[PDB]
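Below is one structure, written out as structure tokens, with a few remarks after it.
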Amino acid sequence: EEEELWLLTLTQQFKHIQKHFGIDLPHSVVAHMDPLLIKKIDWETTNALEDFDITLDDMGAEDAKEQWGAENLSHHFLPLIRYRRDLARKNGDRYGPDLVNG
Amino acid sequence: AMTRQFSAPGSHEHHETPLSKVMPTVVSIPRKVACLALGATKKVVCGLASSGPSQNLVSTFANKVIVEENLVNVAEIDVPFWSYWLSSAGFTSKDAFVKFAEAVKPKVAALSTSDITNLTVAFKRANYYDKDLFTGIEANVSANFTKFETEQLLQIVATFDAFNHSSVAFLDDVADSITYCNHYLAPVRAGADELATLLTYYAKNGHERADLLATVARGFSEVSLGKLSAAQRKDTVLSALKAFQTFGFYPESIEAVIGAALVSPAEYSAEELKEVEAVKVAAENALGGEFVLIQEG
Amino acid sequence: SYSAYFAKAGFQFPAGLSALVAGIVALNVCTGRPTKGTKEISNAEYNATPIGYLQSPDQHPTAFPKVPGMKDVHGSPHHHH
Amino acid sequence: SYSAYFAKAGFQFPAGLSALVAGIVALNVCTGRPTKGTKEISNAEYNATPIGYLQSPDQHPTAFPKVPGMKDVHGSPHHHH
Amino acid sequence: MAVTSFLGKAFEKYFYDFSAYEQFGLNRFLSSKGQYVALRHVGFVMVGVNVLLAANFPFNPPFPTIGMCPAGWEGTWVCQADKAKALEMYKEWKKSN
Amino acid sequence: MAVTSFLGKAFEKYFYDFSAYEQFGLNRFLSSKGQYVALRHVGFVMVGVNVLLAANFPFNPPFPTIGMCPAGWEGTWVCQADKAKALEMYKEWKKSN
Amino acid sequence: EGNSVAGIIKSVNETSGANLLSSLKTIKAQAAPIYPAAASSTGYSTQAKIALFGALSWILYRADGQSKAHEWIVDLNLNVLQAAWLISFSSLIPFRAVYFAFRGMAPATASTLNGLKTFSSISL
Amino acid sequence: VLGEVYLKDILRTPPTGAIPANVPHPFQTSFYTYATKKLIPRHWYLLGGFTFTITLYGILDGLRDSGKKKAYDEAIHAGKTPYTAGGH
Amino acid sequence: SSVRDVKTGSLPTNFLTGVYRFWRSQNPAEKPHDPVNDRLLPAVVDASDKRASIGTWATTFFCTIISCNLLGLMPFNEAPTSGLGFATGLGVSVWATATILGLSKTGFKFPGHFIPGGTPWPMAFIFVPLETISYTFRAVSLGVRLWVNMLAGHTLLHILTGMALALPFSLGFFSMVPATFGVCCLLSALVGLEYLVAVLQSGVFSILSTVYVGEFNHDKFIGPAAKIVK
Amino acid sequence: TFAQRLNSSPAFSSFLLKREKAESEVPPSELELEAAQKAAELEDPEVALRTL
Amino acid sequence: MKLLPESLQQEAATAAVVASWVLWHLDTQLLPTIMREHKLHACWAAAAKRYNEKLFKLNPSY
């Protein structure tokens, strides 16, 4: 029960999207559910990088393409690391993934 | 007739310019093109007139507009709005900024991210510190760090670096916002001068965040560093390298920072180059390779 | 599922269609010259002139002419030769 | 008490103001006769005529004339006498 | 109002349910249904041509006829080549009739 | 934007709080405040008249002057009675200056 | 509006074990996403009525000019020839096949959304 | 335990009360932002191409008008009608 | 201030999406020598900034021209591209746009690209002047090709319709049908060709824009000035 | 089923798709049909608990 | 036939206005919507391999 809330939220959100995306899902709901993802996609459009993914496909940069998509969804893990960092901090411990050699 | 007879050989010589010296002899020693580039540069150098005496005239306008509270109640409207443009014109008076901090303090909790950013930038130009105002500001940012943008946070952090003020909660909230709540390519549009300021701020605080460092390192490149002034570039490099050596983090993009110094070492002193090469070997051991300079051709 | 929500909002024009039509109209009304088949005349010459003489047959073609070239008005029978 | 509710709805035009303006415009554009200072001419006469000759000085008064009667255009110097 | 909603339902049944190709059983004579609609269009064109011409048959043609006449006229104002003269001849005929 | 909301607050204070009659203490000289505003308006009229005339003083008046001249001109195109002749005289003066 | 997952957790933790099984259907409905019901039927939108009036006015303005134009009969017959092709396209085009063709142009709709898997998000 | 406060404005479940309003894109909020950030920085070439064409066509219209003026004045001095005839 | 909501998977959106991807594919990005990674990412972004927005421009011209062409095929309507100034103005704007783009980054070297590659250096002189005229001729030929198609097709239909109408007018409306039937089929097929021409011309114009502007859409990659090998 | 969800979408409510069916273009596989049938059974959370 | 219009500048300004409006509408209305829908699917498809693996390392549920 320690971190069940975060795991259940991702499942619920992704399932609802897949059930309606490309069919009848409204754009307003998408930004409400995942505002940070929209904030990333619209930034690329504002910074003249709307075709960045297409550019990577032209050069076949598979590693960059995978990193690009992963970074666009990396905020999904932010709540878990913030909670785990706070747990370590109240106990005075340092969080592993935060360290250079961790 | 004669016009065409002259036009043909005139164009003939112009056609030699787009060649890697294919003809027997084309490239010339005088290099007249240098004069043309320098001529244009001289004009912009004059354009950069500071007009320092006019700053007093601007002060007069400011005093005869918002400062006389008899005309308008300063605390009633929008301190972030007027203060942003007034400081942009060079009006930096500590006495007026004191009135501004007291007028805005009850409203900081309701300001937008754009307003908070502009207000913070204004206080940087004024170099005025109010501990109570910055406390409310950092509380707003920590409460809404997801809404802020890297371009905004970089300017805000620069103010937190001008005067040594930091909070452990603020440091993590800012790092998380840039690392995860913003686009991972945003540093490329940021400019290396702002990135080095952020690096120094975290280095002096000893706050180790390898995820943040890996993100900020992406902004450093020959393109971004080449856009800065030679003096500003030197100071930027010397400060950035110290932060990397402090945390012991050596990303691959650090070679662009070092290359900017080794391509023009005449600007640097022997003691500066000594610590530069000290970081170079440290990074070479960390990355497991050897540094080599690349030449165009 | 959301089909009934999209049925609430009816037809809506493009976000900036009004500005496009506005520019098109301005290009057709503010030509800065006489309007397609007319000539500017002095204010004196306009006040006393009968409207039947102030018109020209070519500007009043028949909607369904039985003979090509039929005009709805005769204009002024007086010329300037 | 309800002051904040009435502050939500902004300024609103009369329920049928659009129809009133529409009738006013129609009365000024569909006059069925030449438009205030112009005369209809044949399509042939319109195509070849230079626009400077197709204009009249009276229709182009100066916005701030230094002398009463100043005109912005000279029109055609050729008359029909 | 209801009158408009009713026409929508009616036109739907006409577009999908009501097919004259099936009600008349033209499959006995025509090869493919895709070809039947082609003939229906050419018929529509010929119908529209005759209808527009019948809307006002007594008129001088603007197009140049290649030495042919409509009916037992051949010399009426309808058959005059130059339209400037034809207008005068038609005015005389029209005031009489 | 804020700039417009600021002007609203400023104009309110000017309309109600800022009174020149009180700041200058004109009650010492004027009988009633209701009469002071009357003089302020006539002054505004005279000011506007001179300002509009000063916007472009070198011009022929459209109104009929009763045998009077503006300045030491009296015979310039500015002083010509008939405007048809005045236009010719002004054009000559304007091309020179 | 709080998240539905937090509402479920609180409701399930506060409910009794005896009425747990019976109340699950209610909690499931309480967390169901909102689906707006059909509003009152409206014949035409205000903007839609303006569009019809504008299209009619443009057609009439063009038709009036064409009728007053030279070779006016030719213009009216050209409209018939063009209108016939509009009927042909509505009869010949397999709109269902075309719909899938356009749906297959965009990668987001040419294939299903392949993303988060179940085993990776199991919360045990 | 992990409390919703860690994901307050990060992850949200689908709405159950009412559909919220759509978040406006920065260019949709104000024309000034789009002009200064994308239109001029990236597409200013198009504006120049349009302006050059419009100005060129204005010169061509002036040249066409000058040709009409020359022919018109020549007919006037020839004492002839500058117009052939109307269709009426 | 309040923007409307959009349904995902909307047919107009999907069509416009594929159109953009198609035109964007016409000018593919050049694959760098080095492996694309965090070190190379800033240089790739710089290359994208040096690249022109041809994909956005080409789809803009495609949609605006095809809309004008389709209007010429609607009853009671005329194509805007049938006007000489309207159609030619687009071609000149394209040619001027590419010219301004090339002169901006490369400047004085822009007349340089006009040189044909692999040409013998002594011979080259007589070649570039003719190619210069050909380049300037694109401004005219691009816009005229579009205009002529919209004008000649409408004019051809006008003349042929007048000749076709003479048959039922002379030989009676319902007296004889076989002569008018055959001409109705030919006219119907011509209108069908006009529909194809509208799609062809809008595509050809956009293709030519991608070809011409792509000629100057090339810059040297600002690769890494220093590298740690091994 | 995916095809059933499309048939309920507003696009199929349009005039030109009022009589169209998504299955007529691409029929669903047996795996999809059996999975949709199983999902309908597990819509009741009490039944799912007794099964698990 | 009609060869030259009444004004060439008027026709050119009309075309430029239309093209400029389409360009603005595309960047301001069409592309943001298209990218919101397109990039959502593309990011999931491209990250699914690394995303699921990273998640599989984080949850102690197994």
Task: Distances in nm from residue E:51 to the matching label points in the other copies, shortest first (labels 7 Å along Cα to Cβ) - done: 6.9
Task: Cα long-axis angle, helix B:113-126 against chain B (0 to 90 degrees, to the nearest 10) - done: 80
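In terms of the ratio Rg/(2.2 N^0.38 Å) built on C-alpha atoms, what value belongs to the range B:24-112? Don't jump to the answer; show the numbers that get you there.
Values: Rg = 23.4 Å, N = 89, 2.2 N^0.38 = 12.1 Å.
Dividing the Cα Rg of the range B:24-112 by 2.2 N^0.38 Å gives 1.94.
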Task: chain B: C-alpha gyration tensor shape, a/c 1.5 cut-off, then a/b vs b/c - done: oblate
- [ ] Please name which of I:199, B:171, D:63 has its Cα lying farthest along the dipole of the protein assembly as shown towards the positive end, using unit charges on Cβ (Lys, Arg +1; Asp, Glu -1) and the Cα centre as origin.
- [x] D:63
- [ ] Among F:68, B:23, rank each residue by its count of other Cβ atoms within 10 Å, from fewest to most, as a rough exposure measure.
- [x] F:68, B:23
Task: Copy-to-copy label separations for residue E:66, where each label sits 7 Å from Cα toward Cβ, in nm and ascending - done: 8.9
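Taking chain A on its own, what percent of its Cα-Cα pair distances exceed 15 Å? Kindly include the intermediate steps, with their values, before the conclusion.
Details: 3844 of 5151 pairs.
Beyond 15 Å sits 75 percent of the P(r) for chain A.
Which pairs, out of C:66/E:33; I:109/K:39; I:7/I:50; A:65/B:234; D:39/E:83; B:107/D:8, put more than 31 Å between their alpha-carbon atoms? Please report the intermediate quantities before stating the final value.
Details: C:66/E:33 42 Å; I:109/K:39 39 Å; I:7/I:50 35 Å; A:65/B:234 34 Å; D:39/E:83 27 Å; B:107/D:8 22 Å.
Among C:66/E:33; I:109/K:39; I:7/I:50; A:65/B:234; D:39/E:83; B:107/D:8, the Cα-Cα distance tops 31 Å for C:66/E:33; I:109/K:39; I:7/I:50; A:65/B:234.
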TODO: Add +1 for every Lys or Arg and -1 for every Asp or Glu among the other residues with Cβ under 14 Å from the Cβ of residue I:69, and state the total.
DONE: -1
TODO: Would you be so kind as to identify which of G:39, B:239, I:222 lies farthest towards the positive end of the dipole of the protein assembly as shown, taking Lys and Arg as +1 and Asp and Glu as -1 on Cβ and the Cα centre as origin?
DONE: G:39
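Using the alpha carbon gyration tensor of the protein assembly as shown, what are the three equivalent-ellipsoid semi-axes (square root of 5 times each eigenvalue), largest first, in whole Å?
Values: eigenvalues 754, 460, 292 Å².
For the protein assembly as shown, the ellipsoid semi-axes come out as 61, 48, 38 Å.
How long are the semi-axes of the equivalent ellipsoid of the range I:2-229, taking √(5λ) for every eigenvalue λ of the Cα gyration tensor, in whole Å from largest down? Walk me through the intermediate numbers first.
On the way: eigenvalues 440, 131, 40 Å².
Sorted largest first and rounded, they come to 47, 26, 14 Å.
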Open item on the list: Suppose the Debye formula is applied to equal point scatterers at every Cα of chain F; what is log10 I(q)/I(0) at q = 0.11, 0.20, 0.23 Å⁻¹?
Closed with: -0.65, -1.06, -1.27
Task: Cα-based Rg of the range B:78-187 normalised by 2.2 N^0.38 Å, two decimals - done: 1.03
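Counting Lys and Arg as +1 and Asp and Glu as -1, each charge on the Cβ, what is the dipole of the range H:13-88 about the Cα centre in debye, to the nearest 20? Each step should come with its number before you reach the end.
Working: 8 positive and 4 negative charges, 34 e Å.
So the magnitude is around 160 debye.
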TODO: Note the per residue figure in Å³ for the convex hull of the C-alpha positions in chain J.
DONE: 78
Open item on the list: Placing unit charges on C-beta atoms (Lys and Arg positive, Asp and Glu negative, everything else neutral), compute the dipole magnitude of chain B about its Cα centre in debye, rounded to 20.
Closed with: 1140
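May I ask you to derive the relative contact order of chain B, considering only C-alpha pairs under 8 Å and at least 6 residues apart, and to give it as an integer percent? Don't skip to the answer; put the middle values down first.
Numbers: 232 pairs, mean separation 31.1, N = 297.
Value for chain B: 10 percent.
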Task: chain G: angle of helix G:4-14 to the longest principal axis, Cα-based, in degrees nearest 10 - done: 30
Task: Gaussian network model of chain B, springs between alpha carbon atoms under 10 Å - residue of B:240, B:286, B:101 with greatest fluctuation - done: B:286
Open item on the list: Just to verify a number: FRET efficiency for residue D:3 and residue H:31, C-beta to C-beta distance, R0 = 51 Å, to 0.05?
Closed with: 0.90
- [ ] Arrange the peptides B:147-156, K:45-54 so that the one whose residues have, on average, the most other Cβ atoms within 10 Å appears first.
- [x] B:147-156, K:45-54
Task: Measure of compaction for the range I:11-65 (Cα Rg per 2.2 N^0.38 Å) - done: 1.41
Task: Cubic angstrom per residue, convex hull over Cα atoms of chain D - done: 222
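Please say if the range B:188-294 is rounded, prolate or oblate, where rounded means a/c under 1.5 for a ≥ b ≥ c the square roots of the C-alpha gyration tensor eigenvalues, and otherwise the choice is prolate for a/b larger than b/c and oblate otherwise? Mind showing how you got there, number by number?
Numbers: a/c = 1.38, a/b = 1.11, b/c = 1.24.
Rounded, because the longest to shortest axis ratio a/c is under 1.5.
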Open item on the list: Report the per residue volume, in Å³, of the convex hull enclosing the C-alpha atoms of chain G.
Closed with: 255
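How large is the helix-only mean residue ellipticity at 222 nm for chain D, computed as the sum of -39500 (n - 2.57) over DSSP H runs with n ≥ 4, divided by its residue count, in deg cm²/dmol to the nearest 500? Present the calculation step by step, with values, prior to reporting the outcome.
On the way: 3 runs with 23 residues, N = 81.
Result for chain D: -7500 deg cm²/dmol, rounded to the nearest 500.
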Open item on the list: Tell me the angle of helix H:40-77 to the major Cα principal axis of chain H, expressed in degrees between 0 and 90 and rounded to the nearest ten.
Closed with: 20
Task: Residue among G:83, K:7, E:21 farthest towards the positive dipole end of the protein assembly as shown, charges placed on Cβ - done: K:7
TODO: May I ask you to work out the translational diffusion coefficient for the range E:40-97 at 4 °C, viscosity 1.567 mPa s, via Stokes-Einstein with Rh from the Kirkwood sum over Cα pairs, reported in whole µm²/s?
DONE: 100
Open item on the list: Just checking the output field for I:153-163: average partner chain Cβ neighbours within 10 Å of each residue's Cβ?
Closed with: 4
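What's the long-distance tail for the range F:1-45, i.e. % of Cα pairs beyond 17 Å? Walk me through the intermediate numbers first.
Details: 489 of 990 pairs.
I get 49 percent for the Cα pairs in the range F:1-45 exceeding 17 Å.
What's the exposure ranking of A:20, K:38, F:41, B:15, going from fewest to most Cβ atoms within 10 Å? Mind showing how you got there, number by number?
Numbers: A:20 21, K:38 24, F:41 9, B:15 18.
Neighbour counts put them in this order, fewest first: F:41, B:15, A:20, K:38.
Which order do K:36, D:33 fall in if you start with the one that has the fewest other Cβ atoms within 10 Å? Intermediate values should be presented prior to the final figure.
Working: K:36 22, D:33 12.
In increasing order of surrounding Cβ atoms, one gets D:33, K:36.
Please sort by residue number the trypsin sites (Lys or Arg not before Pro) in the range D:7-66 whose DSSP state is loop and whose Cβ has at most 14 other Cβ atoms within 10 Å.
Numbers: sites: D:8, D:36, D:39, D:66; in loops: D:8, D:36, D:66.
When the trypsin sites (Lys or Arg not before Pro) of the range D:7-66 are filtered for loop state and at most 14 Cβ neighbours within 10 Å, D:8, D:36 remain.
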- [ ] Tell me the distances, shortest first, between residue C:62 and the same position across the other copies, using label points 7 Å along Cα→Cβ, in nm to one decimal.
- [x] 5.1
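Each reported figure results from applying straightforward, stated rules to the coordinates on display, with no laboratory input. Please note: Cβ atoms are built from the backbone with ideal geometry, for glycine as well, and neighbour counts cover all protein chains shown.
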